[PDB]
Amino acid sequence: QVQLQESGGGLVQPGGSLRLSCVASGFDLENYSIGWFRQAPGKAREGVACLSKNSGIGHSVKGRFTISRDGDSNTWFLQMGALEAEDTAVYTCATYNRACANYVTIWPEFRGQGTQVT
Amino acid sequence: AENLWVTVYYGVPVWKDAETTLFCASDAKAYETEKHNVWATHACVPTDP
């Protein structure tokens with residue numbers, strides 16, 4: 001299976017930092033890229049960040065979010081800084097195309113379950 | 001009887017020493033979850049099961 005398991009959730013004091021992370025296996029994480037969700041009640045689904053495989057850039061919708069990787073380890077870290085009151089949602093790490101194509105709005109497959117960040 | 005005649009046999013169990021080159025046979029071991037090695041076994045052919 002190509003499932004994503006995520007960790008690092010919790011409650012944040014406004015004006016702090018988070019260290020979200022998630023890991024996947026399934027002999028197929030060479031063709032895919034890993035990004036995140038910001039699914040919140042009332043609003044639709046948006047995107048947060050997407051580390052583009054095959055290019056290496058760490059695109060993000062807002063400047064505070066940074067996605068990062070390390071070596072060949074199958075883990076991905078979303079570093080989140082200077083949080084305000086509107087970042088209360090469920091964060092799900094999912095997989096996008098080879099080039100983070102059409103993210104922030106696409107609804108992908110092989111997605112996770114999502115932690116809750118309050 | 002006394003008349004003998006030569007005859008030719010093809011595909012016969014006869015060998016003699018000689019020197020040549022030989023190719024690879026490395027066990028697959030899936031090899032999709034692989035990190036390369038100084039033995040470039042991706043070029044080497046799979047072995048006989």
# chains A, B, ... in the order shown; residues from 1 in each chain; ligands from 1
$ residues_around --residues "residue B:30" --least-positions-apart "6" --cutoff "12 Å" --atoms "only C-alpha atoms" --output "count of residues only"
3
$ interface_residues --of "chain B" --to "chain A" --cutoff "12 Å" --atoms "only C-alpha atoms" --output "ChimeraX atom specification"
/B:30-36
$ residues_around --residues "residue A:64" --least-positions-apart "3" --cutoff "12 Å" --atoms "only C-alpha atoms" --output "number ranges by chain"
A: 15-18, 48-49, 58-61, 67, 78-84, 87
$ residues_around --residues "residue B:48" --least-positions-apart "3" --cutoff "10 Å" --atoms "only C-alpha atoms" --output "list in words"
residues 25, 26, 27, 28 and 45 of chain B
$ residues_around --residues "residue A:95" --least-positions-apart "3" --cutoff "7 Å" --atoms "only C-alpha atoms" --output "list in words"
residues 32, 33, 34, 35, 108, 109, 110 and 111 of chain A
$ write_last_selection --atoms "N, CA, C and O atoms" --output "PDB file, in the first residue's frame"
ATOM      1  N   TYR A  32       6.015   9.951  -7.277  1.00  0.00           N
ATOM      2  CA  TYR A  32       5.063  10.870  -6.673  1.00  0.00           C
ATOM      3  C   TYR A  32       5.785  11.976  -5.911  1.00  0.00           C
ATOM      4  O   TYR A  32       6.988  11.905  -5.645  1.00  0.00           O
ATOM      5  N   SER A  33       5.023  13.012  -5.562  1.00  0.00           N
ATOM      6  CA  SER A  33       5.497  14.075  -4.686  1.00  0.00           C
ATOM      7  C   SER A  33       4.553  14.168  -3.499  1.00  0.00           C
ATOM      8  O   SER A  33       3.419  13.696  -3.567  1.00  0.00           O
ATOM      9  N   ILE A  34       5.011  14.787  -2.416  1.00  0.00           N
ATOM     10  CA  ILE A  34       4.257  14.845  -1.166  1.00  0.00           C
ATOM     11  C   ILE A  34       3.915  16.292  -0.842  1.00  0.00           C
ATOM     12  O   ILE A  34       4.795  17.160  -0.837  1.00  0.00           O
ATOM     13  N   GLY A  35       2.637  16.544  -0.566  1.00  0.00           N
ATOM     14  CA  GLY A  35       2.165  17.851  -0.155  1.00  0.00           C
ATOM     15  C   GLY A  35       1.175  17.745   0.987  1.00  0.00           C
ATOM     16  O   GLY A  35       0.994  16.655   1.531  1.00  0.00           O
ATOM     17  N   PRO A 108      -6.246  14.755  -4.494  1.00  0.00           N
ATOM     18  CA  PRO A 108      -5.469  13.615  -4.988  1.00  0.00           C
ATOM     19  C   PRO A 108      -5.964  12.276  -4.473  1.00  0.00           C
ATOM     20  O   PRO A 108      -6.935  12.203  -3.713  1.00  0.00           O
ATOM     21  N   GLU A 109      -5.291  11.211  -4.889  1.00  0.00           N
ATOM     22  CA  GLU A 109      -5.489   9.874  -4.356  1.00  0.00           C
ATOM     23  C   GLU A 109      -4.313   9.526  -3.450  1.00  0.00           C
ATOM     24  O   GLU A 109      -3.365  10.302  -3.306  1.00  0.00           O
ATOM     25  N   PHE A 110      -4.383   8.343  -2.838  1.00  0.00           N
ATOM     26  CA  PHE A 110      -3.348   7.871  -1.917  1.00  0.00           C
ATOM     27  C   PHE A 110      -3.080   8.903  -0.824  1.00  0.00           C
ATOM     28  O   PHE A 110      -1.935   9.209  -0.489  1.00  0.00           O
ATOM     29  N   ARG A 111      -4.157   9.456  -0.279  1.00  0.00           N
ATOM     30  CA  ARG A 111      -4.089  10.484   0.748  1.00  0.00           C
ATOM     31  C   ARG A 111      -4.140   9.860   2.138  1.00  0.00           C
ATOM     32  O   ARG A 111      -4.501   8.693   2.310  1.00  0.00           O
TER      33      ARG A 111
END
